[PDB]
């Protein structure tokens, strides 16, 4: 009853052009079986959304990657937030929700904005830049590590540890195997940085440790919660900002509308989050026999959710392959959905908005003038290099 496919969603030429294979996954049926890895797959918006909003049946405690934590040892101590179910997930979530609260964005908005404008002034003096190295990577690095309260020496390990975490969600391919057999410089650094003494006062990390008196988390849980924001924050936001600049480079009509109304900068970033989906996939593990899309899935089965394919479903979106900065982007699963929906979505949208804002007010044209290279990862979609010349406004 369930269609079996030989498509490998974690192969290099799937990453090169995933959109043709993603409709084959959508059009094969509401639920497919991927024989390459012995997992169930869901690529339509309706099934992806349903799985994310049923955490008791499609849990996260047994791993949000391919590995079943009930069968294999995790490559690192499990996350107290991402790889946890309610109720153990509830209050560690409530902490990170308050550390990255609306009231917290009020304190960093000016610095995040001024550092975006300063960066968009710095490359305009250069003209021909790399939008990945000098914009998509440079700006979040110039702002988020300071917002965490991190020291200066050792920050070269943050992006490599970011790519390792998302590569380790994938199957035991060479991308995952090679990422792990590097690690422990990145591991030991990220580990060492989560200790309370190395967290500058006022930063996100020092605020997480202060949230141990509250009885929501204990002092031994605080280092892992700091590790989460050091594992999934930089790269997907870097990939997200690199997505929007790419789209404004591909769709000059949308760049012109953003210039005419810089208020659209926040939704322009959100549509780019849906259009590229930096976090492409995430697994869930069935806690019981479940029926979804006429399919009977047994206990302990891995269910792969195609977040990017669900963001391009024509059953849910109108002309989903075109970037529209005015689209009603509400409902996209780029940030997840349900109890696990991204806890730092406010930090990501803040970074993306003020960066597109500075582009909206100071940039006239964004023209590709060099070979565009792609960065391959088991879970992350993003560009390695985006050679661009920025025309000043």
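The term rigid core refers to the most C-alpha atoms you can superpose between the two forms while keeping them within 1.5 Å. Numbering follows the first chain given and starts at 1.
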{"property": "Higher C-alpha RMS shift from the shown form in 9 other deposited structures of this protein - 213-221 or 246-254, rigid core fit", "result": "213-221"}
{"property": "Mean C-alpha temperature factor, higher of 355-363 and 31-39", "result": "355-363"}
{"property": "125-133 set against 305-313, stretch whose average Cα temperature factor tops the other in the entry", "result": "125-133"}
{"property": "Residue with highest C-alpha B-factor in the PDB entry, from 168, 234, 206, 247", "result": "206"}
{"property": "Peak C-alpha temperature factor (PDB record), options 97, 263, 285, 318", "result": "97"}
{"property": "Residue 257 - which third its CA temperature factor falls in, relative to the rest of the chain", "result": "middle"}
{"property": "CA B-factor ranking of residue 139, expressed as a third of its chain", "result": "highest"}
{"property": "Within-chain third of residue 2 by Cα B-factor, per the entry", "result": "middle"}
{"property": "Chain-relative CA temperature factor third for residue 112", "result": "highest"}
{"property": "Third of chain Cα B-factors occupied by residue 76", "result": "lowest"}
